[PDB]
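In the form deposited without the DNA, a lone chain appears below as structure tokens.
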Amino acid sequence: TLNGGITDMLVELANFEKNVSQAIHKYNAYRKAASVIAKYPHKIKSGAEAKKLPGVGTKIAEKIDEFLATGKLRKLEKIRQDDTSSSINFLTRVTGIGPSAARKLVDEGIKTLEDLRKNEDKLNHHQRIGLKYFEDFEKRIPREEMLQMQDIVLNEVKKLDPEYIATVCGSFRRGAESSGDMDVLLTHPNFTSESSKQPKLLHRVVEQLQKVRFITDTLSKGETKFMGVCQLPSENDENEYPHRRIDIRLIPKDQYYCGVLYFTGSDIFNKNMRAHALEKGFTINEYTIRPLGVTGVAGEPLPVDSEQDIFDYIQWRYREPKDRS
């Protein structure tokens, strides 16, 4: 393509000028500028030969000869950047700041790492810790450190009560080399889908991990889900080990392997498996597996004492976790 860089430059400029500006008049303009350049049969060398065209005002002729020289355009940079969109989807990197709050902060003037680091009175505790450890939560965790994190949690849990079952899921159980965080599913026989609702089964484990200084912060502690911050022990090491994201979900005993399956996942695999279940007449769910009757009337949850049970029901061979991409 001859120009092309020039026309994608003008098209994006037109779009912006109508969906942010609202000056449909100069949107109509750039449109004309672009169609023409695309007609013109020779490669634009400069913005003066590019000015000499029936629909290219000298403001635009001033841009082209520029984009030809720098290989870019500052007006596009200072536009792509401030994109009311792109800011929200940045603030949302900070754990604790979703869409709703991001939109608030943004169109109230705050949208960058430093704008934030200059008004923590506008943030709650979750958003605060999430800010303090932004860069830390941005790193990967070598399988190596995860194994160690597995041991701390795993043995601490068995020491409290041997009847607990605890499995780390996520990219770690699938045998991955690198993880984003740690995701623990916890259950205990005293807790079934018929039973009371026992928040202490979870609290007791969380507090024991804080007690031994693994968990360093709470972002959200619920009745059934805790999300916080954890850290591997060290020596005299400066930044020794960064702080990681850890999540701890408590699940009724009788619907644990439904939750383990689901949280080991790969979404693409979850998608395919549920879909296969739905074709042999079952519905799978992060809690249960149910016959799917005539219509979409689901029957009674079937007994699940292991992942294998879920596979057998839909007539699939057990897929090793490493094998669930």
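Throughout, rigid core stands for the largest set of C-alpha atoms superposing within 1.5 Å between the two forms. All residue numbers are counted from 1 along the displayed sequence.
Not on display, but discussed next: the form solved in complex with the DNA.
The partner is not drawn, yet in the deposited bound form one stretch among 81-89, 234-242, 218-226, 148-156 has residues with heavy atoms inside 4.5 Å of the DNA: 218-226. Within 4.5 Å of the DNA in the deposited bound form, a heavy atom is found for none of 20, 75 and 132. The partner is absent here; in the deposited bound form, the one residue of 271, 52, 42, 280 having a heavy atom within 4.5 Å of the DNA is 271. In summary, among the residues 253, 140, 143, 126, the only one with a non-hydrogen atom within 4.5 Å of the DNA in the deposited bound form is 126. Using a 4.5 Å cutoff between non-hydrogen atoms, residue 115 does not count as a contact of the DNA in the deposited bound form. The closest non-hydrogen atom of residue 201 lies beyond 4.5 Å of the DNA in the deposited bound form. At the 4.5 Å threshold, heavy atoms of residue 99 reach the DNA in the deposited bound form.
Residue contact with the DNA in the deposited bound form: residue 95 places a heavy atom within 4.5 Å of it.
Along 1-40, a non-hydrogen atom within 4.5 Å of the DNA in the deposited bound form is carried only by 31.
Of the residues listed here (159, 211, 200, 72), only one shifts its CA by 2 angstroms or more between this form and the one not shown after fitting on the rigid core, and it is 72. Once the rigid core is overlaid between this form and the one not shown, residue 257 does not reach a Cα shift of 2 Å, moving by less than that. In a rigid-core overlay of the protein, residue 143 has its C-alpha displaced by under 2 Å between this form and the one not shown. Superposition on the rigid core between this form and the one not shown places the CA atom of residue 104 2 Å or more away from its counterpart.
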